[PDB]
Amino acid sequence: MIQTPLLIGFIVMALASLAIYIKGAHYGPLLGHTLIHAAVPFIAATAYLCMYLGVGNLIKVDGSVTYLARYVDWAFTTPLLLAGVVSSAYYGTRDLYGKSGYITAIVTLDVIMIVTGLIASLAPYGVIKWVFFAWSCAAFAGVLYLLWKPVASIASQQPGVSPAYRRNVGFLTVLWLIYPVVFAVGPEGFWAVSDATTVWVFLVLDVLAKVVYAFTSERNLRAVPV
């Protein structure tokens, strides 16, 4: 039942929240890295605690379920993750411009992606639901474009962080593209798959996006001399 994956996430995210803070490197730019990558699983563990106990679980007239705790989790964890990716490109340089601006612009596009994704879930099957789905994907495209074109240009102007940035962005892009696919196939969208199947896939996605990525992103940046 759905109660099992929610508890699994709560224990995995809470334990990983401390495990990342303990094992995470506290050297220079990596200090704020593990600090942000320790808050992300702590926010997720709190959300899985809410879903497990029913805080925010909205049920519509057609039987669809909207997890308000999940989207608030995404609304704050995904901007913190992008904040660390954009900041990692500015690592080791005090002479480059746009750090505060790029983070601000990409967080705006990410929050709109998550908020409009919440409106789509709440909407019934129709035009209103899929219009905000396409507008959410449009904002997602702007996050990816910004990540790939502009801030990789900032990383490339100094090695060897540039290959470490490109490897972390490639992992994040493939991982985050799975999320809207689960939305469409699950009850929130087309309802091709059951609600419990979406909970299980989002569990493995979140563990990959918040626990596993936190350790591979650190390993890549660890090699660069900054």
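Just count from 1 along the sequence shown to find any residue number.
Two stretches are in play, 159-167 and 176-184, and the higher mean C-alpha B-factor belongs to 159-167. Stretch comparison (146-154 versus 71-79) by mean CA B-factor in the PDB entry places 146-154 on top.
In this PDB entry, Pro124 carries a Cα temperature factor that places it within the lowest third of its chain's modelled residues. For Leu96, the recorded CA temperature factor ranks within the highest third of the chain's modelled residues. In the PDB entry, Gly56 places in the middle third of its chain by CA B-factor. Among the modelled residues of its chain, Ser88 has a C-alpha B-factor that falls in the highest third, as given in the PDB entry. In the PDB entry, a CA B factor belonging to the highest third of its chain's modelled residues is recorded for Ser64.
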